[PDB]
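Next up: just one chain, as structure tokens, the form deposited in one PDB entry.
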């Protein structure tokens, strides 16, 4: 399969990081960074990295694809995976998370703690060594480096919206609106999850036309909103043995799609239960919220909205220029529709 093929190159990417940097001189740090990367990249679906590789393979003329260009698309894909790993190492700290991919979050390890914040910077910085090593002499080099930095700025914009202590003052959830939700997910998720891997595919395929990049970006941003609404649903309703992570959105008072929809439907008395119980680590409080979500029929709303959005994305994908491969986008939509993790 495509996944083992993508994973096959990981040991070689690790060596590239070392050999191309000052890590060559400090084996204590080179060895530590290997541990960091293996732990934080292990398991999961590799969906960002696959999306990059799939995009390239679907967008380039089959006659232009070589073994070297496939290794390059995998490498770009792995740079997205490393970005993700960096993003989630910090997210876990900010979200008060305990587990991810079925083991303790990196920062929760006793040998690590708050020094995770330095491990994140070691990870992020790795990306640029990979990009320089492979692409410094190519015309697309500056586009790649700029794209990765823009992805960091976008994501951190959205993280700010997400975690800001401003978003709620005690019983004031007046900012829990769809306008706020749409901004949060656009920036924190949709850029790095879809726009970045698709654009990397397009660049590698020598597609440069600004109009095609804008159309692809618009499609990506719609798919990423969809993807995050699923993430938010899974936080509450997912089976930990499948997701690998204990959900914290309720305890952390997040402006999740479920919270926004619950406020749409609360009676006056239900809004008081929401405001009393949301944002608390007491187990009776968390359960009261979950009960409320059930009473409000949010599971049924989710199933229907997942389908409506699915049908809308599929139509959008069908209306793209053939140069953007409607089939790529249909297949990306399909791969996530009805996921349970």
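Residue numbers count along the first chain shown, from 1. Rigid core (definition): largest C-alpha set, two forms, superposition within 1.5 Å.
Another form, the form deposited in another entry, is not on view; read the next lines as being about it.
- Of the residues 207, 152, 130, 263, just one CA atom moves 2 angstroms or more between the shown form and the other one under rigid-core superposition; it belongs to 263.
- When two forms of a protein are overlaid on their rigid core, residues whose CA moves 2 Å or more are considered shifted, and residue 295 is one of them between the shown form and the other one.
- After superposition on the rigid core, the Cα atom of residue 106 is displaced by less than 2 Å between the shown form and the other one.
- Relative to the superposed rigid core, the position of the CA of residue 41 differs between the shown form and the other one by less than 2 Å.
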